[PDB]
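Student: Quick one, protein-v2.txt (compact mmCIF, N, CA and C atoms and all ligand atoms):
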```txt
# COMPACT_ATOMS: atom_id res chain seq x y z
N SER X 1 53.65 138.55 65.69
CA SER X 1 53.40 139.16 66.99
C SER X 1 53.46 140.69 66.94
N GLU X 2 52.26 141.28 66.93
CA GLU X 2 52.15 142.73 67.04
C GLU X 2 52.76 143.23 68.34
N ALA X 3 52.66 142.46 69.43
CA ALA X 3 53.19 142.90 70.72
C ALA X 3 54.69 143.13 70.66
N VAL X 4 55.44 142.17 70.09
CA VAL X 4 56.89 142.32 70.01
C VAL X 4 57.25 143.53 69.16
N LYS X 5 56.59 143.67 68.02
CA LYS X 5 56.89 144.79 67.14
C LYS X 5 56.61 146.12 67.84
N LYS X 6 55.48 146.22 68.54
CA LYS X 6 55.15 147.46 69.25
C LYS X 6 56.18 147.77 70.33
N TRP X 7 56.67 146.73 71.02
CA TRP X 7 57.66 146.91 72.08
C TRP X 7 59.00 147.40 71.53
N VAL X 8 59.47 146.78 70.43
CA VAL X 8 60.69 147.26 69.78
C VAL X 8 60.51 148.69 69.28
N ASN X 9 59.35 148.96 68.67
CA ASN X 9 59.08 150.30 68.17
C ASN X 9 59.15 151.32 69.29
N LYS X 10 58.58 151.01 70.46
CA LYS X 10 58.56 152.00 71.53
C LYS X 10 59.97 152.29 72.02
N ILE X 11 60.82 151.25 72.09
CA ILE X 11 62.22 151.50 72.43
C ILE X 11 62.88 152.43 71.42
N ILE X 12 62.65 152.20 70.13
CA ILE X 12 63.30 153.03 69.11
C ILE X 12 62.73 154.45 69.11
N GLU X 13 61.44 154.59 69.38
CA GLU X 13 60.79 155.89 69.26
C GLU X 13 61.02 156.77 70.48
N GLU X 14 61.10 156.18 71.66
CA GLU X 14 61.19 156.97 72.87
C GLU X 14 62.63 157.30 73.27
N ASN X 15 63.62 156.73 72.59
CA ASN X 15 65.03 157.00 72.86
C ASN X 15 65.71 157.43 71.57
N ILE X 16 66.34 158.61 71.58
CA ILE X 16 67.01 159.07 70.36
C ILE X 16 68.07 158.06 69.92
N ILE X 17 68.86 157.55 70.87
CA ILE X 17 69.87 156.53 70.58
C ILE X 17 69.39 155.21 71.17
N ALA X 18 69.12 154.24 70.31
CA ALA X 18 68.61 152.95 70.75
C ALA X 18 69.54 151.85 70.27
N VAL X 19 70.01 151.02 71.20
CA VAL X 19 70.96 149.95 70.92
C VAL X 19 70.39 148.65 71.44
N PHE X 20 70.22 147.68 70.56
CA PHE X 20 69.83 146.33 70.95
C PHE X 20 71.09 145.48 71.02
N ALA X 21 71.28 144.83 72.17
CA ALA X 21 72.54 144.16 72.46
C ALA X 21 72.24 142.82 73.12
N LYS X 22 73.29 142.16 73.56
CA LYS X 22 73.13 140.90 74.26
C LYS X 22 74.22 140.76 75.30
N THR X 23 74.13 139.70 76.08
CA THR X 23 75.08 139.43 77.13
C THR X 23 76.46 139.11 76.59
N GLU X 24 77.48 139.68 77.22
CA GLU X 24 78.88 139.44 76.87
C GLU X 24 79.20 139.45 75.37
N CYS X 25 78.90 140.55 74.70
CA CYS X 25 79.14 140.70 73.26
C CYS X 25 80.09 141.86 73.09
N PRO X 26 81.34 141.58 72.68
CA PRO X 26 82.39 142.61 72.60
C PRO X 26 82.07 143.74 71.65
N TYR X 27 81.42 143.44 70.52
CA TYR X 27 81.09 144.53 69.60
C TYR X 27 79.93 145.36 70.13
N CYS X 28 79.02 144.76 70.91
CA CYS X 28 78.02 145.56 71.63
C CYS X 28 78.70 146.52 72.58
N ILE X 29 79.61 146.01 73.41
CA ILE X 29 80.33 146.82 74.38
C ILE X 29 81.07 147.95 73.68
N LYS X 30 81.80 147.62 72.61
CA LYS X 30 82.55 148.63 71.86
C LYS X 30 81.62 149.73 71.33
N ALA X 31 80.51 149.34 70.68
CA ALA X 31 79.61 150.35 70.12
C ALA X 31 79.03 151.24 71.22
N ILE X 32 78.62 150.62 72.33
CA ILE X 32 78.01 151.39 73.41
C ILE X 32 79.02 152.34 74.01
N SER X 33 80.28 151.90 74.13
CA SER X 33 81.33 152.74 74.69
C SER X 33 81.62 153.93 73.78
N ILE X 34 81.67 153.69 72.46
CA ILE X 34 81.87 154.77 71.50
C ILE X 34 80.77 155.82 71.66
N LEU X 35 79.52 155.36 71.74
CA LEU X 35 78.41 156.31 71.85
C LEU X 35 78.46 157.07 73.18
N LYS X 36 78.73 156.37 74.28
CA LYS X 36 78.82 157.04 75.57
C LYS X 36 79.98 158.03 75.59
N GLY X 37 81.00 157.80 74.76
CA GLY X 37 82.09 158.74 74.64
C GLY X 37 81.69 160.08 74.06
N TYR X 38 80.55 160.14 73.38
CA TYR X 38 79.96 161.41 72.96
C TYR X 38 79.03 162.01 74.01
N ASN X 39 79.08 161.50 75.25
CA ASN X 39 78.22 161.98 76.33
C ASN X 39 76.74 161.86 75.97
N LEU X 40 76.37 160.72 75.37
CA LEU X 40 75.02 160.47 74.88
C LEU X 40 74.12 159.74 75.87
N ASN X 41 74.63 159.36 77.04
CA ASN X 41 73.89 158.46 77.93
C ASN X 41 72.48 158.98 78.24
N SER X 42 72.33 160.31 78.38
CA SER X 42 71.03 160.87 78.73
C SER X 42 69.96 160.57 77.68
N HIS X 43 70.37 160.35 76.42
CA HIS X 43 69.41 160.07 75.36
C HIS X 43 69.63 158.69 74.76
N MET X 44 70.26 157.80 75.52
CA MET X 44 70.60 156.46 75.09
C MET X 44 69.80 155.43 75.87
N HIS X 45 69.40 154.36 75.20
CA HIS X 45 68.81 153.20 75.85
C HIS X 45 69.42 151.94 75.26
N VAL X 46 69.90 151.05 76.12
CA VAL X 46 70.46 149.77 75.71
C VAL X 46 69.53 148.67 76.19
N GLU X 47 69.10 147.81 75.27
CA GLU X 47 68.19 146.71 75.58
C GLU X 47 68.91 145.40 75.34
N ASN X 48 69.05 144.59 76.40
CA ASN X 48 69.64 143.26 76.28
C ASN X 48 68.53 142.31 75.83
N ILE X 49 68.54 141.92 74.56
CA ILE X 49 67.45 141.11 74.03
C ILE X 49 67.69 139.63 74.22
N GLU X 50 68.87 139.24 74.70
CA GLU X 50 69.10 137.83 75.00
C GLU X 50 68.38 137.43 76.27
N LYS X 51 68.34 138.32 77.26
CA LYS X 51 67.58 138.09 78.49
C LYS X 51 66.13 138.51 78.24
N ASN X 52 65.48 137.73 77.40
CA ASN X 52 64.14 138.06 76.94
C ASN X 52 63.53 136.78 76.39
N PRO X 53 62.28 136.46 76.73
CA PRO X 53 61.68 135.22 76.21
C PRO X 53 61.45 135.24 74.71
N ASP X 54 61.45 136.41 74.09
CA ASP X 54 61.13 136.54 72.67
C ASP X 54 62.34 136.98 71.85
N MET X 55 63.54 136.54 72.23
CA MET X 55 64.75 136.98 71.55
C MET X 55 64.67 136.76 70.05
N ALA X 56 64.25 135.56 69.63
CA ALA X 56 64.21 135.27 68.20
C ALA X 56 63.23 136.18 67.47
N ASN X 57 62.08 136.47 68.07
CA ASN X 57 61.12 137.36 67.43
C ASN X 57 61.67 138.77 67.32
N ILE X 58 62.34 139.24 68.38
CA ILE X 58 62.97 140.56 68.34
C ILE X 58 64.01 140.61 67.23
N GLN X 59 64.86 139.59 67.14
CA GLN X 59 65.91 139.57 66.13
C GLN X 59 65.32 139.55 64.72
N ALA X 60 64.28 138.74 64.51
CA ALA X 60 63.65 138.71 63.20
C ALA X 60 63.09 140.07 62.84
N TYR X 61 62.50 140.78 63.81
CA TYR X 61 61.98 142.11 63.51
C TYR X 61 63.12 143.09 63.23
N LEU X 62 64.21 143.01 63.99
CA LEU X 62 65.35 143.88 63.72
C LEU X 62 65.92 143.61 62.33
N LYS X 63 65.84 142.36 61.88
CA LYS X 63 66.28 142.07 60.52
C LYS X 63 65.32 142.67 59.50
N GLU X 64 64.01 142.64 59.79
CA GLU X 64 63.06 143.27 58.88
C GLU X 64 63.31 144.76 58.77
N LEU X 65 63.74 145.38 59.87
CA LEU X 65 64.00 146.82 59.92
C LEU X 65 65.34 147.22 59.32
N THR X 66 66.37 146.37 59.45
CA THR X 66 67.75 146.78 59.17
C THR X 66 68.50 145.88 58.20
N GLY X 67 68.01 144.67 57.92
CA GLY X 67 68.69 143.74 57.04
C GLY X 67 69.54 142.71 57.75
N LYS X 68 69.77 142.86 59.05
CA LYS X 68 70.56 141.91 59.81
C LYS X 68 69.87 141.60 61.13
N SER X 69 70.01 140.35 61.58
CA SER X 69 69.47 139.91 62.86
C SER X 69 70.51 139.93 63.99
N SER X 70 71.76 140.25 63.70
CA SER X 70 72.80 140.23 64.72
C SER X 70 72.74 141.47 65.60
N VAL X 71 73.27 141.35 66.81
CA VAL X 71 73.45 142.49 67.69
C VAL X 71 74.94 142.81 67.74
N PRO X 72 75.33 144.07 67.96
CA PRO X 72 74.42 145.18 68.25
C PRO X 72 73.65 145.69 67.03
N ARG X 73 72.45 146.21 67.27
CA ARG X 73 71.67 146.92 66.26
C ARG X 73 71.41 148.33 66.77
N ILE X 74 71.77 149.32 65.97
CA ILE X 74 71.88 150.70 66.43
C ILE X 74 71.00 151.60 65.57
N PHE X 75 70.11 152.34 66.23
CA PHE X 75 69.22 153.34 65.65
C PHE X 75 69.53 154.70 66.27
N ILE X 76 69.52 155.74 65.45
CA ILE X 76 69.70 157.11 65.94
C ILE X 76 68.57 157.94 65.35
N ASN X 77 67.68 158.44 66.21
CA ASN X 77 66.49 159.18 65.78
C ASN X 77 65.70 158.38 64.74
N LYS X 78 65.57 157.08 65.01
CA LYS X 78 64.81 156.11 64.23
C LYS X 78 65.50 155.72 62.92
N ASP X 79 66.59 156.40 62.58
CA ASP X 79 67.35 156.05 61.39
C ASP X 79 68.28 154.88 61.71
N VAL X 80 68.44 153.98 60.74
CA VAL X 80 69.26 152.78 60.94
C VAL X 80 70.73 153.14 60.76
N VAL X 81 71.50 153.08 61.85
CA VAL X 81 72.95 153.10 61.72
C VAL X 81 73.45 151.74 61.31
N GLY X 82 73.00 150.70 62.02
CA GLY X 82 73.39 149.34 61.71
C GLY X 82 74.11 148.64 62.85
N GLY X 83 75.28 148.06 62.58
CA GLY X 83 76.05 147.38 63.60
C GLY X 83 77.24 148.20 64.07
N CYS X 84 78.11 147.55 64.84
CA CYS X 84 79.27 148.27 65.36
C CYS X 84 80.21 148.71 64.24
N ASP X 85 80.44 147.85 63.24
CA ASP X 85 81.31 148.24 62.14
C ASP X 85 80.77 149.48 61.43
N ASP X 86 79.45 149.51 61.22
CA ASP X 86 78.84 150.69 60.60
C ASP X 86 79.05 151.92 61.46
N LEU X 87 78.90 151.77 62.77
CA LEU X 87 79.16 152.89 63.67
C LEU X 87 80.60 153.35 63.55
N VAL X 88 81.54 152.41 63.47
CA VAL X 88 82.95 152.78 63.39
C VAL X 88 83.22 153.53 62.09
N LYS X 89 82.64 153.06 60.98
CA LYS X 89 82.79 153.78 59.72
C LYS X 89 82.24 155.20 59.83
N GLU X 90 81.03 155.35 60.38
CA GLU X 90 80.43 156.68 60.52
C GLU X 90 81.27 157.56 61.43
N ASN X 91 81.81 156.98 62.49
CA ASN X 91 82.60 157.74 63.44
C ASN X 91 83.90 158.21 62.79
N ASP X 92 84.60 157.30 62.12
CA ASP X 92 85.87 157.67 61.52
C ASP X 92 85.69 158.66 60.38
N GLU X 93 84.58 158.60 59.66
CA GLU X 93 84.42 159.44 58.48
C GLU X 93 83.62 160.70 58.77
N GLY X 94 83.34 160.98 60.05
CA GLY X 94 82.72 162.23 60.45
C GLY X 94 81.21 162.22 60.40
N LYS X 95 80.59 161.15 59.91
CA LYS X 95 79.14 161.15 59.77
C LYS X 95 78.46 161.08 61.12
N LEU X 96 79.02 160.31 62.06
CA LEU X 96 78.39 160.21 63.38
C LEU X 96 78.31 161.58 64.05
N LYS X 97 79.41 162.33 64.03
CA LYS X 97 79.38 163.65 64.66
C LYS X 97 78.40 164.57 63.95
N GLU X 98 78.29 164.47 62.62
CA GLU X 98 77.31 165.30 61.92
C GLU X 98 75.89 164.94 62.34
N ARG X 99 75.65 163.65 62.48
CA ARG X 99 74.37 163.14 62.92
C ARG X 99 74.00 163.75 64.26
N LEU X 100 74.92 163.66 65.22
CA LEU X 100 74.67 164.14 66.57
C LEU X 100 74.55 165.65 66.62
N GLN X 101 75.31 166.36 65.77
CA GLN X 101 75.22 167.81 65.73
C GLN X 101 73.83 168.25 65.28
N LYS X 102 73.27 167.57 64.28
CA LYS X 102 71.94 167.95 63.79
C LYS X 102 70.85 167.70 64.83
N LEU X 103 71.08 166.80 65.78
CA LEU X 103 70.13 166.51 66.84
C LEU X 103 70.34 167.37 68.08
N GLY X 104 71.33 168.26 68.07
CA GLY X 104 71.61 169.07 69.24
C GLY X 104 72.32 168.34 70.35
N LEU X 105 72.85 167.15 70.06
CA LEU X 105 73.45 166.31 71.08
C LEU X 105 74.92 166.62 71.32
N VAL X 106 75.59 167.24 70.36
CA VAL X 106 76.97 167.68 70.51
C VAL X 106 77.09 169.05 69.87
CL CL D 1 72.84 147.00 58.95
CL CL D 2 76.34 144.95 59.68
CS CS D 3 84.09 161.31 70.81
CS CS D 4 70.61 155.81 79.88
```
Rewrite the structure from the file as structure tokens, please.
Ligand SMILES: [Cl-]
Ligand SMILES: [Cl-]
Ligand SMILES: [Cs+]
Ligand SMILES: [Cs+]
Tutor:
Amino acid sequence: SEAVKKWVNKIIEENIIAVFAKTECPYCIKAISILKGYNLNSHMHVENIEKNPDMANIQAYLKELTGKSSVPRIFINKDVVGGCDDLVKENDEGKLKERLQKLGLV
């Protein structure tokens, strides 16, 4: 499905911070909260892919892009951050702040 791929692409391309999530997922909530803690909401988009008729196709494409089909899936300026654990590693080790500094976001 070219349509699903184009739709995922547009979310990733038109939002500097793009997070694919689902309903009631604690690691989604945690990752989104960490990012909003950097005052990123203005350049953030969160897409709930569970409330979507094509959830499986979206997940398969996110796996083609990142190696995993699980949510949350996190992109920053089209670069793959990964999941919440990856975000936590980047945050604790200073990489997340460096990332955001280079984008003018902090
Ligand atoms: Cl990953
Ligand atoms: Cl992961
Ligand atoms: Cs912070
Ligand atoms: Cs937003």
Student: For residue X:84, please output as a VMD selection string all residues within 8 Å (counting only C-alpha atoms; exclusion window: fewer than 3 positions along the same chain).
Tutor: chain X and resid 27 to 28 30 to 31 72 to 74 87 to 88
Student: Determine the nearest neighbour of ligand CL 2 (chain D) from the options X:53, X:26, X:104, X:83, counting only N, CA and C atoms and all ligand atoms.
Tutor: X:83
Student: Considering all atoms listed in the file, can you say which of X:76, X:32, X:62, X:19 comes closest to residue X:49?
Tutor: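 Using all atoms listed in the file, residue X:49 sits closest to X:19.
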Student: Smallest atom-to-atom distance to residue X:54: which of X:89, X:5, X:68, X:102, using only C-alpha atoms?
Tutor: X:5
Student: Could you pull out the residues sitting within 7 Å of ligand CS 4 (chain D), using all atoms listed in the file, and write them as a list in words?
Tutor: residues 40, 41, 42, 43, 44, 45 and 46 of chain X
Student: Where in chain X does DSSP assign alpha helix (DSSP H), given as JSON, numbers by chain?
Tutor: {"X": [2, 3, 4, 5, 6, 7, 8, 9, 10, 11, 12, 13, 14, 26, 27, 28, 29, 30, 31, 32, 33, 34, 35, 36, 55, 56, 57, 58, 59, 60, 61, 62, 63, 64, 65, 66, 84, 85, 86, 87, 88, 89, 90, 91, 92, 95, 96, 97, 98, 99, 100, 101, 102]}
Student: DSSP says strand (DSSP E) for which residues of stretch 42-95 of chain X? Put them as a list in words?
Tutor: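 Answer for stretch 42-95 of chain X restricted to strand (DSSP E) is residues 44, 45, 46, 47, 48, 73, 74, 75, 76, 79, 80, 81 and 82 of chain X.
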Student: Tell me which of X:13, X:86, X:24, X:93 sits closest to ligand CL 1 (chain D), counting all atoms listed in the file.
Tutor: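 Between X:13, X:86, X:24, X:93, the residue approaching ligand CL 1 (chain D) most closely is X:86.
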Student: Which residue is closest to ligand CL 2 (chain D)? Choose from X:71, X:14, X:82, X:101 and count all atoms listed in the file.
Tutor: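 Looking only at the distances to ligand CL 2 (chain D), the closest residue turns out to be X:82.
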Student: In Å, how far is it from atom C of residue X:10 to atom CA of residue X:85?
Tutor: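 For atom C of residue X:10 relative to atom CA of residue X:85, the distance reads 23.9 Å.
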Student: Could you check the closest approach to ligand CL 1 (chain D) for each of X:66, X:39, X:15, X:9 and tell me which residue wins, using all atoms listed in the file?
Tutor: X:66
Student: Could you tell me, as an NGL selection string, which residues have any atom at most 8 Å from (59.8, 141.6, 66.7), counting only C-alpha atoms?
Tutor: :X and (1-8 or 54 or 56-62)
Student: Which value, in Å to one decimal, gives the distance between atom N of residue X:96 and atom CA of residue X:64?
Tutor: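 Between atom N of residue X:96 and atom CA of residue X:64 the gap is 23.6 Å.
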Student: State, in Å with one decimal place, the distance from atom CA of residue X:51 to atom CA of residue X:20.
Tutor: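 It comes out at 11.4 Å.
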